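> Below are the structure tokens for one structure; questions will follow.
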Amino acid sequence: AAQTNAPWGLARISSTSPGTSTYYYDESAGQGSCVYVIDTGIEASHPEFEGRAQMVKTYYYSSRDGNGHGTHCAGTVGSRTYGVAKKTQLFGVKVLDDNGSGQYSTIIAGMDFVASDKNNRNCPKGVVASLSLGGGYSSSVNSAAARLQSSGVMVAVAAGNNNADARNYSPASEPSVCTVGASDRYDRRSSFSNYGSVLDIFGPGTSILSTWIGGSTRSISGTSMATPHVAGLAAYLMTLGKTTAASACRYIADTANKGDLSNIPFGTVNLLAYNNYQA
């Protein structure tokens, strides 16, 4: 299939070159996969989710996304217009309050929740978790992300927006998950994007159009926005039987557009998420 006038990030992950506007993707579209969005929640009532989004857990007084961040990332994973995997199931896990902040303990609990909650769900093509969050290095947060991955979930996490090595940040520094840096529409590393050897892949992260609360849309920049691209791509590639949860990150790295990005510091992978779709 094709989506004309797609957000540049969707077009980018289906092309070998920047600057296009069409998103090319197999029509399966992540159908049968599930993506937990671990964030400020999801406004499941947004028409862009077409009833494929639902809240499954909150760690605050309300399940509703009073911030937008989570609804925005869920949109990039699998919304109709702004989503990589347009038929995937979205599950909201609200670990950040409406100010977007959340204790390390809360974020760890949310990751443990997903590891077991997935056994209650029907995701015959596999499970993905998208974690557009992070803070300073925490062994315990890292361990939680690793547990989620080993439990059978493809974990994608943001490298962080500090323009520094992601090794000093969690869960970005967990080696076993898929740490995602951000690029802009001109195939530059995003100005804010963390880097380092722990990074596994880059995704579109600068000025990313997606859903927003109040049934709205806006553009936001952040490695938090590159992460759902890769999570969506993983769900997409899993539905296609190209890869599994345990191998998706390395599969995406293997099939990525190589050496296209600029300002990638020595020691950081020069890899941009690419769905390799052929009509």
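Easy rule for this one: first residue shown is 1, then count along the chain.
The way this entry was determined, per its header, is electron crystallography, 1.9 Å.
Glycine too: its Cβ is placed from the backbone N, Cα and C atoms.
Okay, these came from Swiss-Prot:
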| type | residues | note |
| --- | --- | --- |
| ACT_SITE | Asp39 | active site, charge relay system |
| ACT_SITE | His69 | active site, charge relay system |
| ACT_SITE | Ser224 | active site, charge relay system |
| BINDING | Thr16, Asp260 | Ca(2+) 2 binding site |
| BINDING | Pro175, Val177, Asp200 | Ca(2+) 1 binding site |
| DISULFID | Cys34-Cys123 | disulfide bond |
| DISULFID | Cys178-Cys249 | disulfide bond |
| DOMAIN | 7-279 | domain 'Peptidase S8' |
> Whole-number Å distance between the CA of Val177 (Ca(2+) 1 binding site) and the CA of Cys249 (disulfide bond)?
8
> How long is the line from the C-alpha of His69 (active site, charge relay system) to the C-alpha of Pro175 (Ca(2+) 1 binding site), rounded to the nearest angstrom?
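The separation of the Cα atoms works out to 25 Å.
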> Can you check which residues sit near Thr16 (Ca(2+) 2 binding site), meaning Cβ under 8 Å from its Cβ, same chain, 6 or more apart in sequence, and list them in order?
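Set apart from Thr16 (Ca(2+) 2 binding site) by at least 6 residues yet with Cβ under 8 Å, we have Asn257, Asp260, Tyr274.
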> Long-range same-chain neighbours of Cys123 (disulfide bond), Cβ under 8 Å, sequence gap at least 6?
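Within the chain, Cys123 (disulfide bond) has Cβ neighbours under 8 Å at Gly32, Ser33, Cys34, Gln89.
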> Where does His69 (active site, charge relay system) sit in the DSSP three-state scheme?
helix
> In angstrom units, rounded to an integer, how far apart are the Cα atoms of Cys249 (disulfide bond) and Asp200 (Ca(2+) 1 binding site)?
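So the alpha carbons of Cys249 (disulfide bond) and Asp200 (Ca(2+) 1 binding site) sit roughly 7 Å from each other.
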> Can you grab the distance from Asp200 (Ca(2+) 1 binding site) over to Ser224 (active site, charge relay system)? Cα atoms, rounded to a whole Å.
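Roughly 15 Å, rounded to the nearest whole number.
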> Looking at the recorded positions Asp39, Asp200, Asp260, which one has the fewest other Cβ atoms within 10 Å of its own Cβ?
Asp260
> Go through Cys34, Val177, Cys178, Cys249, the listed recorded positions, and name the one with the sparsest Cβ surroundings, counting other Cβ atoms within 10 Å.
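Taking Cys34, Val177, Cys178, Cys249 as the recorded positions, the minimal 10 Å Cβ count falls on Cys249.
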